[PDB]
Amino acid sequence: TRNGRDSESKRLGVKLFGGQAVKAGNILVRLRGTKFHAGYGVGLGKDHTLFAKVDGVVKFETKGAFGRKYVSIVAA
Amino acid sequence: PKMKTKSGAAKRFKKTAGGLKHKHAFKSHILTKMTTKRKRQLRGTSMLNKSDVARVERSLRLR
Amino acid sequence: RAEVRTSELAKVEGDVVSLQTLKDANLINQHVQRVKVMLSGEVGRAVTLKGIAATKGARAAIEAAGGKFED
Amino acid sequence: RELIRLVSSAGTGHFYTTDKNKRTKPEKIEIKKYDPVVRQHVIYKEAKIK
RNA sequence: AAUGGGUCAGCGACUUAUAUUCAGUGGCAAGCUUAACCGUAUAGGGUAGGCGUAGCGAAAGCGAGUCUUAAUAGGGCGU
RNA sequence: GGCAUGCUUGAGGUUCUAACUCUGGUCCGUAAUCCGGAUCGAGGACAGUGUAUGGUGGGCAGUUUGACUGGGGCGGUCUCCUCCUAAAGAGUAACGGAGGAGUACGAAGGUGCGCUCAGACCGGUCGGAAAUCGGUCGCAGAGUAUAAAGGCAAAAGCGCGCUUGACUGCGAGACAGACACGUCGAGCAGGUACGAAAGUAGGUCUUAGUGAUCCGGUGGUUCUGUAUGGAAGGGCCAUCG
Ligand SMILES: [Mg+2]
Ligand SMILES: [Mg+2]
Ligand SMILES: [Mg+2]
Ligand SMILES: [Mg+2]
Ligand SMILES: [Mg+2]
Ligand SMILES: [Mg+2]
Ligand SMILES: [Mg+2]
Ligand SMILES: [Mg+2]
Ligand SMILES: [Mg+2]
Ligand SMILES: [Mg+2]
Ligand SMILES: [Mg+2]
């Protein structure tokens with residue numbers, strides 16, 4: 001009947017773009033259910049949050065069947 | 001001395017030679033909700049933040 | 001409680017570091033009973049600590065550098 | 001979902017704390033969990049926190 | 001076409017005391033300094049007391065390390 | 001079982017006078033009938049008065065009664081979740097348009113092993129537009145404990161067997177962010193559950209399901225414990241209103 005009541009905007013998005021250099025446990029993408037899949041050396045935590053495990057450069061490559069988006073980190 | 005400190009901030013803030021210690025909060029009287037990852041990350045004794053130093057060091061009479 | 005640095009043991013007279021001897025000099029307050037000695041430099045001379053209890057490192061300095069630790 | 005205690009088997013006063021719907025399941029539970037005093041797993045049983 | 005003022009001449013508004021922090025300029029310097037009170041009294045005595053020269057810990061305690069911990073494992077604080 | 005009467009004492013009843021009472025009589029101080037004192041009369045352990053406690057008490061007093069608001073009064077709204085406004089990074093208002101939460105679950109968790117939807121259509125006894133069965137066509141239009149959004153074939157969906165990792169001590173590094181709070185987590189050490197073994201497991205497809213401090217309550221703990229030895233009371237840990 002009356003309607004205000006929004007929420008407080010959880011600050012999602014994609015950090016660490018296509019040519020960065022990452023540390024051991026950085027946050028790559030704050031996902032909301034797998035826009036991006038776990039590529040070569042990344043983690044996929046509890047609420048589908050991609051994080052690194054090794055060092056290098058982010059790739060953002062599209063692979064395979066289903067055309068899914070794979071975030072791999074390359075030792076380069 | 002004509003400079004009385006506040007009694008509450010002398011019990012909430014012990015002073016060491018690396019800042020001001022203080023116990024963390026929210027850990028009392030409803031605890032079966034919370035997660036063990038959250039409980040043991042509130043058990044320690046932290047040190048005070050730089051935005052809060054010059055506020056407390058006027059309540060404690062250190063100015 | 002109080003405590004005396006090892007470097008301040010040369011600041012007394014008579015080479016008998018009693019409890020009242022440290023109150024004779026101004027190195028310690030009045031109404032102080034239990035005193036330690038910790039390692040904070042070289043001792044300076046040859047003394048005899050008594051009535052006071054040093055740490056592990058201070059006792060390894062005084063007994064090595066020509067002193068004596070009795071009671 | 002009333003809340004319950006789970007006092008250890010051995011003599012320690014270590015316990016766990018959880019909740020249990022008393023309405024549907026009336027009887028207790030005998031869950032085997034870790035004990036930080038004997039440093040091994042024992043079994044627990046209790047209710048009635050007060 | 002909002003406020004105030006008829007003009008002149010007199011008076012009329014960030015001070016003091018006690019504590020403490022930061023800068024400027026000075027004294028002695030791992031040490032610096034006395035308060036009351038004495039004094040032929042702005043000298044001189046008076047070092048009680050304070051701040052330093054070492055921390056960590058709720059505490060006992062131990063100390064260039066110490067606390068948590070089954071750990072001498074990591075980590076916090078410190079030189 | 002109870003009597004015999006004492007030792008006592010509580011509670012109830014009657015009577016007596018000597019305490020207290022008399023805004024009763026007439027003598028005295030006194031030339032006054034206030035106040036005393038003497039003496040008859042009445043009441044009498046009551047009334048009355050201190051102190052401790054119940055009840056009644058605007059008789060009286062000190063005070064409280066929120067904000068946003070296309071004037072404020074009335075009404076509506078005060079916290080958290082998802083979408084749109086929101087301009088292809090984050091963020092971003094209106095008494096702008098639409099909806100939900102103040103919980104469930106000891107398996108609806110872990111693991112190993114298996115397996116696919118809805119719908120259409122043809123045939124088939126009492127059902128018939130529809131129940132169960134068989135068949136082809138399917139190409140997720142089903143399903144997800146709970147709103148919508150974003151997802152799901154190593155299916156995050158469905159079934160079976162064993163189980164308690166809905167573990168304790170941690171945590172490099174980051175994301176966010178006035179602060180207090182928040183979110184993800186490799187790895188290490190303890191002791192575990194499945195699997196032949198690599199390996200997986202620090203709850204549930206994700207995001208709502210909640211409230212500081214102060215006080216009190218309960219379990220562990222020489223850490224202190226006001227001369228000493230103990231205790232009370234603190235302190236720390238775990239956990240309740
Ligand atoms: Mg507690
Ligand atoms: Mg002195
Ligand atoms: Mg005028
Ligand atoms: Mg009358
Ligand atoms: Mg009134
Ligand atoms: Mg108003
Ligand atoms: Mg945007
Ligand atoms: Mg833009
Ligand atoms: Mg499920
Ligand atoms: Mg499978
Ligand atoms: Mg005692």
# chains A, B, ... in the order shown; residues from 1 in each chain; ligands from 1
call {"tool": "interface_residues", "arguments": {"of": "chain A", "to": "chain F", "cutoff": "7 Å", "atoms": "only C-alpha atoms (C1' of nucleotides)", "output": "CSV table (one decimal) with C-alpha atoms, in the first residue's frame"}}
result
chain,number,residue,atom,x,y,z
A,7,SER,CA,18.2,-2.2,0.9
A,11,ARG,CA,29.1,-3.3,-3.3
A,24,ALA,CA,48.4,-15.0,-2.7
A,25,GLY,CA,44.9,-14.5,-1.4
A,26,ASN,CA,43.4,-11.4,-3.1
A,27,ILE,CA,39.8,-11.1,-4.0
A,32,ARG,CA,26.3,-13.4,-6.9
A,33,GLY,CA,26.3,-16.9,-8.3
A,34,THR,CA,28.8,-17.6,-11.0
A,45,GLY,CA,34.8,-19.7,-2.0
A,47,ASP,CA,29.2,-17.7,-1.6
A,49,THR,CA,33.7,-15.7,-4.5
A,53,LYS,CA,45.9,-19.0,-4.7
call {"tool": "select_by_dssp", "arguments": {"residues": "chain D", "states": "strand (DSSP E or B)", "output": "PyMOL selection string"}}
result
chain D and resi 2-7+15-20+32-35+40-43
call {"tool": "write_last_selection", "arguments": {"atoms": "N, CA and C atoms", "output": "PDB file, in the first residue's frame"}}
result
ATOM      1  N   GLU D   2      13.761 -24.622  21.391  1.00  0.00           N
ATOM      2  CA  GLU D   2      14.346 -24.365  22.700  1.00  0.00           C
ATOM      3  C   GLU D   2      15.829 -24.712  22.690  1.00  0.00           C
ATOM      4  N   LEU D   3      16.599 -24.014  23.518  1.00  0.00           N
ATOM      5  CA  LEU D   3      18.043 -24.183  23.541  1.00  0.00           C
ATOM      6  C   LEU D   3      18.484 -25.094  24.679  1.00  0.00           C
ATOM      7  N   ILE D   4      19.530 -25.877  24.408  1.00  0.00           N
ATOM      8  CA  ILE D   4      19.973 -26.956  25.280  1.00  0.00           C
ATOM      9  C   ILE D   4      21.485 -26.902  25.446  1.00  0.00           C
ATOM     10  N   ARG D   5      21.964 -27.632  26.447  1.00  0.00           N
ATOM     11  CA  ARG D   5      23.377 -27.805  26.743  1.00  0.00           C
ATOM     12  C   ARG D   5      23.761 -29.242  26.398  1.00  0.00           C
ATOM     13  N   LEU D   6      25.058 -29.492  26.193  1.00  0.00           N
ATOM     14  CA  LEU D   6      25.579 -30.836  25.926  1.00  0.00           C
ATOM     15  C   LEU D   6      26.815 -31.065  26.796  1.00  0.00           C
ATOM     16  N   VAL D   7      26.612 -31.541  28.024  1.00  0.00           N
ATOM     17  CA  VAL D   7      27.721 -31.739  28.951  1.00  0.00           C
ATOM     18  C   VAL D   7      28.501 -32.989  28.557  1.00  0.00           C
ATOM     19  N   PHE D  15      31.293 -27.977  27.684  1.00  0.00           N
ATOM     20  CA  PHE D  15      29.997 -28.295  27.114  1.00  0.00           C
ATOM     21  C   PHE D  15      29.840 -27.578  25.788  1.00  0.00           C
ATOM     22  N   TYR D  16      28.879 -28.043  25.006  1.00  0.00           N
ATOM     23  CA  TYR D  16      28.431 -27.335  23.823  1.00  0.00           C
ATOM     24  C   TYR D  16      27.021 -26.808  24.041  1.00  0.00           C
ATOM     25  N   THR D  17      26.608 -25.911  23.155  1.00  0.00           N
ATOM     26  CA  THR D  17      25.331 -25.231  23.288  1.00  0.00           C
ATOM     27  C   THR D  17      24.674 -25.145  21.925  1.00  0.00           C
ATOM     28  N   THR D  18      23.445 -25.635  21.831  1.00  0.00           N
ATOM     29  CA  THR D  18      22.711 -25.621  20.579  1.00  0.00           C
ATOM     30  C   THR D  18      21.225 -25.483  20.886  1.00  0.00           C
ATOM     31  N   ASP D  19      20.395 -25.717  19.873  1.00  0.00           N
ATOM     32  CA  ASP D  19      18.952 -25.632  20.013  1.00  0.00           C
ATOM     33  C   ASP D  19      18.303 -26.898  19.481  1.00  0.00           C
ATOM     34  N   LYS D  20      17.111 -27.182  19.988  1.00  0.00           N
ATOM     35  CA  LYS D  20      16.398 -28.384  19.599  1.00  0.00           C
ATOM     36  C   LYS D  20      14.910 -28.143  19.749  1.00  0.00           C
ATOM     37  N   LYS D  32      28.698 -37.585  19.110  1.00  0.00           N
ATOM     38  CA  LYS D  32      30.111 -37.750  19.424  1.00  0.00           C
ATOM     39  C   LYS D  32      30.884 -36.580  18.826  1.00  0.00           C
ATOM     40  N   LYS D  33      31.460 -35.733  19.681  1.00  0.00           N
ATOM     41  CA  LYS D  33      32.160 -34.526  19.248  1.00  0.00           C
ATOM     42  C   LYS D  33      33.500 -34.428  19.972  1.00  0.00           C
ATOM     43  N   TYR D  34      34.274 -33.401  19.634  1.00  0.00           N
ATOM     44  CA  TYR D  34      35.618 -33.216  20.162  1.00  0.00           C
ATOM     45  C   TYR D  34      35.569 -32.621  21.566  1.00  0.00           C
ATOM     46  N   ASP D  35      36.631 -32.857  22.335  1.00  0.00           N
ATOM     47  CA  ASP D  35      36.749 -32.337  23.696  1.00  0.00           C
ATOM     48  C   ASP D  35      38.114 -31.678  23.862  1.00  0.00           C
ATOM     49  N   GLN D  40      40.607 -35.496  22.602  1.00  0.00           N
ATOM     50  CA  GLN D  40      40.073 -36.520  21.714  1.00  0.00           C
ATOM     51  C   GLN D  40      38.553 -36.448  21.750  1.00  0.00           C
ATOM     52  N   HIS D  41      37.921 -37.307  20.960  1.00  0.00           N
ATOM     53  CA  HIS D  41      36.478 -37.288  20.778  1.00  0.00           C
ATOM     54  C   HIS D  41      35.788 -38.178  21.803  1.00  0.00           C
ATOM     55  N   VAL D  42      34.767 -37.633  22.453  1.00  0.00           N
ATOM     56  CA  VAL D  42      33.886 -38.370  23.342  1.00  0.00           C
ATOM     57  C   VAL D  42      32.452 -38.098  22.902  1.00  0.00           C
ATOM     58  N   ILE D  43      31.487 -38.642  23.639  1.00  0.00           N
ATOM     59  CA  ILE D  43      30.076 -38.469  23.307  1.00  0.00           C
ATOM     60  C   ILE D  43      29.431 -37.573  24.354  1.00  0.00           C
TER      61      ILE D  43
END
call {"tool": "residues_near_ligand", "arguments": {"ligand": "ligand 6", "cutoff": "10 Å", "atoms": "only C-alpha atoms (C1' of nucleotides) and all ligand atoms", "output": "PDB file with N, CA, C and O atoms (P, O5', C5', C4', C3', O3' and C1' of nucleotides), in the first residue's frame"}}
result
ATOM      1  P     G F  66       5.277  13.981  22.544  1.00  0.00           P
ATOM      2  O5'   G F  66       6.583  13.842  21.659  1.00  0.00           O
ATOM      3  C5'   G F  66       7.790  14.444  22.080  1.00  0.00           C
ATOM      4  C4'   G F  66       8.967  13.927  21.303  1.00  0.00           C
ATOM      5  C3'   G F  66       8.957  14.215  19.819  1.00  0.00           C
ATOM      6  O3'   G F  66       9.368  15.532  19.516  1.00  0.00           O
ATOM      7  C1'   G F  66       9.555  11.963  20.181  1.00  0.00           C
ATOM      8  P     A F  67       8.611  16.368  18.382  1.00  0.00           P
ATOM      9  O5'   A F  67       9.321  15.895  17.040  1.00  0.00           O
ATOM     10  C5'   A F  67      10.731  15.951  16.904  1.00  0.00           C
ATOM     11  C4'   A F  67      11.245  14.963  15.884  1.00  0.00           C
ATOM     12  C3'   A F  67      10.826  15.171  14.444  1.00  0.00           C
ATOM     13  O3'   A F  67      11.567  16.186  13.797  1.00  0.00           O
ATOM     14  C1'   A F  67      10.677  12.883  15.002  1.00  0.00           C
ATOM     15  P     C F  68      10.866  17.129  12.709  1.00  0.00           P
ATOM     16  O5'   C F  68      10.763  16.207  11.420  1.00  0.00           O
ATOM     17  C5'   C F  68      11.931  15.828  10.711  1.00  0.00           C
ATOM     18  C4'   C F  68      11.642  14.757   9.694  1.00  0.00           C
ATOM     19  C3'   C F  68      10.700  15.156   8.577  1.00  0.00           C
ATOM     20  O3'   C F  68      11.365  15.833   7.524  1.00  0.00           O
ATOM     21  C1'   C F  68      10.048  13.059   9.463  1.00  0.00           C
ATOM     22  P     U F  69      10.732  17.161   6.879  1.00  0.00           P
ATOM     23  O5'   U F  69       9.200  16.798   6.668  1.00  0.00           O
ATOM     24  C5'   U F  69       8.784  16.028   5.549  1.00  0.00           C
ATOM     25  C4'   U F  69       7.306  15.754   5.588  1.00  0.00           C
ATOM     26  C3'   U F  69       6.436  16.908   5.114  1.00  0.00           C
ATOM     27  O3'   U F  69       5.369  16.429   4.300  1.00  0.00           O
ATOM     28  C1'   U F  69       5.834  16.301   7.326  1.00  0.00           C
ATOM     29  P     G F  72       4.991  21.340   8.657  1.00  0.00           P
ATOM     30  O5'   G F  72       4.184  21.870   9.921  1.00  0.00           O
ATOM     31  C5'   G F  72       4.637  21.680  11.257  1.00  0.00           C
ATOM     32  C4'   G F  72       3.494  21.371  12.190  1.00  0.00           C
ATOM     33  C3'   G F  72       3.159  19.886  12.278  1.00  0.00           C
ATOM     34  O3'   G F  72       2.568  19.610  13.550  1.00  0.00           O
ATOM     35  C1'   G F  72       1.311  21.029  11.417  1.00  0.00           C
TER      36        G F  72
END
call {"tool": "residues_near_ligand", "arguments": {"ligand": "ligand 9", "cutoff": "10 Å", "atoms": "only C-alpha atoms (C1' of nucleotides) and all ligand atoms", "output": "number ranges by chain"}}
result
F: 108, 144-145, 156-157, 204-205
call {"tool": "residues_near_ligand", "arguments": {"ligand": "ligand 10", "cutoff": "10 Å", "atoms": "only C-alpha atoms (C1' of nucleotides) and all ligand atoms", "output": "JSON, numbers by chain"}}
result
{"F": [112, 113, 114, 115, 153, 154, 155]}
call {"tool": "write_last_selection", "arguments": {"atoms": "N, CA, C and O atoms (P, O5', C5', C4', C3', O3' and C1' of nucleotides)", "output": "PDB file, in the first residue's frame"}}
result
ATOM      1  P     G F 112      33.318 -37.994  -1.729  1.00  0.00           P
ATOM      2  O5'   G F 112      32.825 -39.426  -2.212  1.00  0.00           O
ATOM      3  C5'   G F 112      33.650 -40.564  -2.040  1.00  0.00           C
ATOM      4  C4'   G F 112      32.852 -41.840  -1.970  1.00  0.00           C
ATOM      5  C3'   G F 112      32.085 -42.241  -3.211  1.00  0.00           C
ATOM      6  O3'   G F 112      32.898 -42.797  -4.222  1.00  0.00           O
ATOM      7  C1'   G F 112      30.738 -42.577  -1.311  1.00  0.00           C
ATOM      8  P     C F 113      32.519 -42.568  -5.766  1.00  0.00           P
ATOM      9  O5'   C F 113      31.185 -43.412  -5.971  1.00  0.00           O
ATOM     10  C5'   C F 113      31.221 -44.829  -5.950  1.00  0.00           C
ATOM     11  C4'   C F 113      29.842 -45.429  -5.861  1.00  0.00           C
ATOM     12  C3'   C F 113      28.922 -45.158  -7.028  1.00  0.00           C
ATOM     13  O3'   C F 113      29.214 -45.933  -8.168  1.00  0.00           O
ATOM     14  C1'   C F 113      27.733 -44.844  -5.031  1.00  0.00           C
ATOM     15  P     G F 114      29.167 -45.236  -9.607  1.00  0.00           P
ATOM     16  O5'   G F 114      27.699 -44.638  -9.673  1.00  0.00           O
ATOM     17  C5'   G F 114      26.775 -45.102 -10.639  1.00  0.00           C
ATOM     18  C4'   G F 114      25.437 -45.412 -10.027  1.00  0.00           C
ATOM     19  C3'   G F 114      24.242 -44.841 -10.749  1.00  0.00           C
ATOM     20  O3'   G F 114      23.890 -45.573 -11.903  1.00  0.00           O
ATOM     21  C1'   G F 114      24.011 -44.424  -8.458  1.00  0.00           C
ATOM     22  P     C F 115      23.800 -44.812 -13.309  1.00  0.00           P
ATOM     23  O5'   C F 115      22.435 -44.005 -13.216  1.00  0.00           O
ATOM     24  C5'   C F 115      21.233 -44.647 -12.824  1.00  0.00           C
ATOM     25  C4'   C F 115      20.117 -43.653 -12.653  1.00  0.00           C
ATOM     26  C3'   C F 115      19.988 -42.624 -13.755  1.00  0.00           C
ATOM     27  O3'   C F 115      19.378 -43.160 -14.911  1.00  0.00           O
ATOM     28  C1'   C F 115      19.776 -41.567 -11.657  1.00  0.00           C
ATOM     29  P     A F 153      25.515 -26.728 -15.265  1.00  0.00           P
ATOM     30  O5'   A F 153      25.733 -28.271 -15.550  1.00  0.00           O
ATOM     31  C5'   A F 153      26.544 -29.043 -14.681  1.00  0.00           C
ATOM     32  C4'   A F 153      26.899 -30.376 -15.278  1.00  0.00           C
ATOM     33  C3'   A F 153      27.219 -30.384 -16.772  1.00  0.00           C
ATOM     34  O3'   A F 153      28.292 -31.298 -17.007  1.00  0.00           O
ATOM     35  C1'   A F 153      25.540 -31.955 -16.303  1.00  0.00           C
ATOM     36  P     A F 154      29.819 -30.796 -17.014  1.00  0.00           P
ATOM     37  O5'   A F 154      30.524 -31.703 -15.918  1.00  0.00           O
ATOM     38  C5'   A F 154      30.260 -31.490 -14.540  1.00  0.00           C
ATOM     39  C4'   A F 154      30.584 -32.695 -13.709  1.00  0.00           C
ATOM     40  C3'   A F 154      29.729 -32.841 -12.461  1.00  0.00           C
ATOM     41  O3'   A F 154      29.689 -34.222 -12.095  1.00  0.00           O
ATOM     42  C1'   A F 154      31.953 -32.392 -11.835  1.00  0.00           C
ATOM     43  P     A F 155      28.486 -34.827 -11.211  1.00  0.00           P
ATOM     44  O5'   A F 155      27.181 -34.105 -11.752  1.00  0.00           O
ATOM     45  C5'   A F 155      26.253 -33.530 -10.843  1.00  0.00           C
ATOM     46  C4'   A F 155      25.866 -32.138 -11.269  1.00  0.00           C
ATOM     47  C3'   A F 155      25.178 -31.274 -10.231  1.00  0.00           C
ATOM     48  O3'   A F 155      26.094 -30.655  -9.345  1.00  0.00           O
ATOM     49  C1'   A F 155      24.070 -31.083 -12.318  1.00  0.00           C
TER      50        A F 155
END
call {"tool": "interface_residues", "arguments": {"of": "chain F", "to": "chain D", "cutoff": "7 Å", "atoms": "only C-alpha atoms (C1' of nucleotides)", "output": "MDAnalysis selection string"}}
result
chainID F and resid 164 167:168 191 218:220
call {"tool": "closest_atom_pairs", "arguments": {"of": "chain F", "to": "ligand 8", "cutoff": "10 Å", "atoms": "only C-alpha atoms (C1' of nucleotides) and all ligand atoms", "output": "tab-separated table"}}
result
residue	atom	partner	partner_atom_place_in_ligand_line	distance
F:86	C1'	ligand 8	1 (Mg)	8.5
F:87	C1'	ligand 8	1 (Mg)	5.4
F:88	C1'	ligand 8	1 (Mg)	7.5
F:89	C1'	ligand 8	1 (Mg)	7.9
call {"tool": "write_last_selection", "arguments": {"atoms": "N, CA and C atoms (P, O5', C5', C4', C3', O3' and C1' of nucleotides)", "output": "PDB file, in the first residue's frame"}}
result
ATOM      1  P     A F  86      17.211   7.121 -13.741  1.00  0.00           P
ATOM      2  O5'   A F  86      18.381   6.164 -13.270  1.00  0.00           O
ATOM      3  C5'   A F  86      19.448   5.876 -14.156  1.00  0.00           C
ATOM      4  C4'   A F  86      20.569   5.140 -13.476  1.00  0.00           C
ATOM      5  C3'   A F  86      20.434   3.625 -13.424  1.00  0.00           C
ATOM      6  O3'   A F  86      21.741   3.059 -13.475  1.00  0.00           O
ATOM      7  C1'   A F  86      20.594   4.467 -11.244  1.00  0.00           C
ATOM      8  P     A F  87      22.455   2.672 -14.863  1.00  0.00           P
ATOM      9  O5'   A F  87      22.659   4.041 -15.641  1.00  0.00           O
ATOM     10  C5'   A F  87      22.019   4.296 -16.881  1.00  0.00           C
ATOM     11  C4'   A F  87      22.585   5.533 -17.528  1.00  0.00           C
ATOM     12  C3'   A F  87      24.099   5.665 -17.446  1.00  0.00           C
ATOM     13  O3'   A F  87      24.755   5.011 -18.517  1.00  0.00           O
ATOM     14  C1'   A F  87      23.098   7.644 -16.650  1.00  0.00           C
ATOM     15  P     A F  88      26.305   4.627 -18.435  1.00  0.00           P
ATOM     16  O5'   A F  88      26.303   3.054 -18.632  1.00  0.00           O
ATOM     17  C5'   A F  88      25.654   2.192 -17.714  1.00  0.00           C
ATOM     18  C4'   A F  88      26.190   0.792 -17.823  1.00  0.00           C
ATOM     19  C3'   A F  88      27.690   0.674 -17.681  1.00  0.00           C
ATOM     20  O3'   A F  88      28.139   0.722 -16.343  1.00  0.00           O
ATOM     21  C1'   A F  88      27.033  -0.495 -19.596  1.00  0.00           C
ATOM     22  P     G F  89      29.170   1.866 -15.897  1.00  0.00           P
ATOM     23  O5'   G F  89      30.301   1.058 -15.137  1.00  0.00           O
ATOM     24  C5'   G F  89      30.243  -0.357 -15.047  1.00  0.00           C
ATOM     25  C4'   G F  89      31.114  -0.859 -13.927  1.00  0.00           C
ATOM     26  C3'   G F  89      30.612  -0.563 -12.522  1.00  0.00           C
ATOM     27  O3'   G F  89      29.693  -1.537 -12.058  1.00  0.00           O
ATOM     28  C1'   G F  89      32.876   0.085 -12.708  1.00  0.00           C
TER      29        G F  89
END
call {"tool": "atom_distance", "arguments": {"atom1": "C1' of residue 163 (chain F)", "atom2": "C1' of residue 110 (chain F)"}}
result
7.8 Å
call {"tool": "interface_residues", "arguments": {"of": "chain B", "to": "chain D", "cutoff": "10 Å", "atoms": "only C-alpha atoms", "output": "list in words"}}
result
residues 31, 32 and 33 of chain B
call {"tool": "residues_around", "arguments": {"residues": "residue 38 (chain A)", "least_positions_apart": "4", "cutoff": "7 Å", "atoms": "only C-alpha atoms (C1' of nucleotides)", "output": "MDAnalysis selection string"}}
result
chainID A and resid 42:44 50 70:71
call {"tool": "residues_near_ligand", "arguments": {"ligand": "ligand 3", "cutoff": "10 Å", "atoms": "only C-alpha atoms (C1' of nucleotides) and all ligand atoms", "output": "ChimeraX atom specification"}}
result
/E:3-6
call {"tool": "interface_residues", "arguments": {"of": "chain C", "to": "chain E", "cutoff": "9 Å", "atoms": "only C-alpha atoms (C1' of nucleotides)", "output": "count of residues only"}}
result
8
call {"tool": "residues_near_ligand", "arguments": {"ligand": "ligand 5", "cutoff": "12 Å", "atoms": "only C-alpha atoms (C1' of nucleotides) and all ligand atoms", "output": "PDB file with N, CA and C atoms (P, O5', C5', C4', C3', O3' and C1' of nucleotides), in the first residue's frame"}}
result
ATOM      1  P     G F  58      -6.531  10.527  45.181  1.00  0.00           P
ATOM      2  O5'   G F  58      -6.034  11.858  44.485  1.00  0.00           O
ATOM      3  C5'   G F  58      -6.967  12.785  43.963  1.00  0.00           C
ATOM      4  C4'   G F  58      -6.472  14.192  44.123  1.00  0.00           C
ATOM      5  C3'   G F  58      -7.163  15.213  43.238  1.00  0.00           C
ATOM      6  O3'   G F  58      -7.246  16.446  43.947  1.00  0.00           O
ATOM      7  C1'   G F  58      -4.857  15.151  42.728  1.00  0.00           C
ATOM      8  P     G F  59      -8.473  16.725  44.952  1.00  0.00           P
ATOM      9  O5'   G F  59      -7.777  16.978  46.360  1.00  0.00           O
ATOM     10  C5'   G F  59      -8.412  17.773  47.347  1.00  0.00           C
ATOM     11  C4'   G F  59      -7.509  18.041  48.527  1.00  0.00           C
ATOM     12  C3'   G F  59      -6.145  18.619  48.213  1.00  0.00           C
ATOM     13  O3'   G F  59      -6.169  20.013  47.975  1.00  0.00           O
ATOM     14  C1'   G F  59      -5.908  16.857  49.763  1.00  0.00           C
ATOM     15  P     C F  60      -5.342  20.626  46.745  1.00  0.00           P
ATOM     16  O5'   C F  60      -3.825  20.235  47.046  1.00  0.00           O
ATOM     17  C5'   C F  60      -3.077  20.945  48.021  1.00  0.00           C
ATOM     18  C4'   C F  60      -1.662  20.438  48.156  1.00  0.00           C
ATOM     19  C3'   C F  60      -0.772  20.521  46.937  1.00  0.00           C
ATOM     20  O3'   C F  60      -0.283  21.819  46.670  1.00  0.00           O
ATOM     21  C1'   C F  60      -0.461  18.446  48.000  1.00  0.00           C
ATOM     22  P     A F  61       0.133  22.210  45.172  1.00  0.00           P
ATOM     23  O5'   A F  61       1.562  21.540  44.966  1.00  0.00           O
ATOM     24  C5'   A F  61       2.669  21.938  45.753  1.00  0.00           C
ATOM     25  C4'   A F  61       3.872  21.047  45.548  1.00  0.00           C
ATOM     26  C3'   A F  61       4.262  20.722  44.125  1.00  0.00           C
ATOM     27  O3'   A F  61       4.676  21.810  43.288  1.00  0.00           O
ATOM     28  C1'   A F  61       4.357  18.756  45.364  1.00  0.00           C
ATOM     29  P     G F  62       6.169  22.386  43.160  1.00  0.00           P
ATOM     30  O5'   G F  62       6.998  21.275  42.380  1.00  0.00           O
ATOM     31  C5'   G F  62       8.383  21.131  42.632  1.00  0.00           C
ATOM     32  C4'   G F  62       8.921  19.791  42.205  1.00  0.00           C
ATOM     33  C3'   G F  62       9.140  19.582  40.721  1.00  0.00           C
ATOM     34  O3'   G F  62      10.323  20.219  40.273  1.00  0.00           O
ATOM     35  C1'   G F  62       8.198  17.637  41.700  1.00  0.00           C
ATOM     36  P     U F  63      10.485  20.704  38.756  1.00  0.00           P
ATOM     37  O5'   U F  63      10.612  19.345  37.947  1.00  0.00           O
ATOM     38  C5'   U F  63       9.999  19.149  36.686  1.00  0.00           C
ATOM     39  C4'   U F  63       9.718  17.687  36.486  1.00  0.00           C
ATOM     40  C3'   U F  63       9.215  17.266  35.119  1.00  0.00           C
ATOM     41  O3'   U F  63      10.247  17.124  34.153  1.00  0.00           O
ATOM     42  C1'   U F  63       7.882  16.280  36.795  1.00  0.00           C
ATOM     43  P     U F  64      10.080  17.744  32.676  1.00  0.00           P
ATOM     44  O5'   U F  64       9.481  16.557  31.814  1.00  0.00           O
ATOM     45  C5'   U F  64      10.263  15.430  31.474  1.00  0.00           C
ATOM     46  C4'   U F  64       9.395  14.220  31.278  1.00  0.00           C
ATOM     47  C3'   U F  64       8.519  14.228  30.046  1.00  0.00           C
ATOM     48  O3'   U F  64       9.201  13.887  28.855  1.00  0.00           O
ATOM     49  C1'   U F  64       7.237  13.576  31.905  1.00  0.00           C
TER      50        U F  64
END
call {"tool": "closest_residue", "arguments": {"among": "B:55, B:6, B:29, B:14", "to": "chain E", "atoms": "only C-alpha atoms (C1' of nucleotides)"}}
result
B:14
call {"tool": "atom_distance", "arguments": {"atom1": "CA of residue 18 (chain B)", "atom2": "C1' of residue 223 (chain F)"}}
result
24.9 Å
